[PDB]
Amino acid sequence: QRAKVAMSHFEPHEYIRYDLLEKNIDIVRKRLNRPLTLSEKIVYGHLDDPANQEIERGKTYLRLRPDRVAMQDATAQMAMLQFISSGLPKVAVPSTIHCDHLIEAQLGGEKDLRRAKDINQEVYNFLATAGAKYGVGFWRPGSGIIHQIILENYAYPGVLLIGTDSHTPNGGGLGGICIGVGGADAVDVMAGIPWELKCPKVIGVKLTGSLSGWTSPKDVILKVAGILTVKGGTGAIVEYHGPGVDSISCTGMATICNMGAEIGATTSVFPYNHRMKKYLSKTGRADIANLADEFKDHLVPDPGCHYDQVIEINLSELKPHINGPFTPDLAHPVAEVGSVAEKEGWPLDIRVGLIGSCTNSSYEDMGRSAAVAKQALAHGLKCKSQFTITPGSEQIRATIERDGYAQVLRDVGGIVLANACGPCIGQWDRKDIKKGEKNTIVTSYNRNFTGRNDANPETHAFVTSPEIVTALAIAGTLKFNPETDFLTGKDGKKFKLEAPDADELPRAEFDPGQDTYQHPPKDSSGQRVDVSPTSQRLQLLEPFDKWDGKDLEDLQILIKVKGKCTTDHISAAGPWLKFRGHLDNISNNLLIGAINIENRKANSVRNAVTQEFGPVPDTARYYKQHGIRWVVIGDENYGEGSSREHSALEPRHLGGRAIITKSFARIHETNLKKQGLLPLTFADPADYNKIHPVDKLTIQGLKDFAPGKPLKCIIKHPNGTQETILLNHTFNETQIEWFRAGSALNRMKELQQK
């Protein structure tokens, strides 16, 4: 580039290329002759061939070149095992591993981390020596959650980042396009080959007016999530714009982009502005803010660009929301929630109040919560409810500890957890409740899907802002309304809580703490990564079987699924995170949470040959070792939610050939195409009703599988009648070559020594 500004302090040699962004935006622009939106300037500015790429929103696959790859340890292990199979010597672009998902919340900060490094040494040692070997930066356990460390250090305006985690959109708060992928996508960018993405549609949310009072950043996406619903953002990028953007802090925009994951959006973004500039300078990147000022025309949307849908939100009319309890789109005003809770039968007293995680742990969030706490403390009050605080990184922990906020928070009765996901992925040894107990918890997190936080099917969880969690934690009930109600203080008077007052960013500079990162040695020609042969936590992958040239005849339906089938129903987390690097050991959880439409129950399907109802993994394994190939039938938005490729690998490992649904979630359908399976959808969703558990399916037409040709499916009924239905697919020729080879990895290996 002419300027020589680095990507971050950890890669001082790898410079930001806004000169290329601009050259590819100018090549696209003159092919398209129209204003482009911000996410179009940034996506199309990273095309591998901007002169020739075919560009149509919602239709074409763009072949893109991401700037950096970030990985989290619950998904980094399988991604690094696939990279190890490619045979390639080093990673092609800046990648980092972050160790945040294997640390269980039990007693608090220090004790929980000590136990996690003991319990997990094998996997942390595997991730660091493979990181050292292949040149991947490694953030040590206890250093912080992937998105918080990415916002503090690696996101910048104009970046195209991919991450093996759904909440990777978080990065959009600093003006970049950050997309979550399954681990095999990350190994394409690390292997140095173009990354493909279905060309996004763009939803424009216009922000007008200003935040006031108890209303925070969080409220905007709780409001938008309820307007669009979980199905709302599928296949689109949400792009925030308006005069109101500049009334939100940089870490508030990151809160909003983060939860856009919850409506199925490919990612969300905000346009570069003064708030981002301020945060870039206060986090040791003033030079990035100076470069970006010079390229600002390319980091804002063109005037007059066309959004495929515009939603307008008046921030000055906005008021606090609390969303739940079993989806993030059931939206409520914090004024109404008490009411709805008594008519609906949701438990009114707040058992546990949990604040933090990467969605709501900025210096501003911790401070606004303390500003509430300090008030309750001046009246001899304490949290009525149990109270946990998870700092997003060691820098937010060291900084808020030093400036006092952490001590206010413990003085009202909260325990500070390790800087890791913990209760946000449900990695938590809970004790206050017997399992099955019906109880309400309230979090500042993002997802509140059933069983997400403690695996109690009946814990009702509500997501809101950290200050409202803190206020309701002292209150102990969903009946309390912070902005109206009175609280009875130890000295018998009544008083009411004042709306939080707090610094956006420190007066001082940020404390980073010590010992957080392991640099890779461009040295150690002689790093050795050794999966013990009979290790129960890590296992080297063995190639899947190449496609046999024939059609798929008389396939068994392992399960026909009723309703919502999230990737947590397909591959659960909780106890199974200890097997995220062992494929046959984590496959023993295949589809155990999905509801069987035959009997309305989870984990009991009928074995076609023994005629006994029993566990799905056992049955799929019975089928596999007897030569029966099977299929799953789903309803809508199948594979919704968490990014894990384990949802696609475990079907392949047990004998699965195809998943046919009315519609798929984006990251799960890419993960099925990547593992050699067939993601297919009904040309008519009503055809879901034609297929019963008992039928055998023949998927015919593979010999001339082509983009756009539907595949024909012959349903064969026990009584000899058959029906033929049509099935659509979104494969392009790159992806058909993945199916043909047995998986995308097998194909990457054929472009070397076959």
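All residue numbers are counted from 1 along the displayed sequence.
- Per-stretch averaging of Cα B factors for 142-150 and 400-408 places 400-408 on top.
- The stretch with the higher mean CA B factor, choosing between 466-474 and 283-291, is 466-474.
- Of the residues listed, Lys133, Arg644, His241, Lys435, the entry assigns the biggest Cα temperature factor to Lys435.
- The residue among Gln518, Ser249, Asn481, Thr681 whose C-alpha atom has the highest B-factor in the PDB entry is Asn481.
- Ranked by Cα temperature factor within the chain, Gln700 sits in the highest third according to the deposited record.
- For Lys716, the recorded CA temperature factor ranks within the highest third of the chain's modelled residues.
- Ranked against the other modelled residues of its chain, the C-alpha B-factor of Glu636 as given in the entry falls in the middle third.
- In the PDB entry, a CA B factor belonging to the lowest third of its chain's modelled residues is recorded for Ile237.
- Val372: CA B factor in the highest third of modelled residues in this chain (values from the PDB entry).
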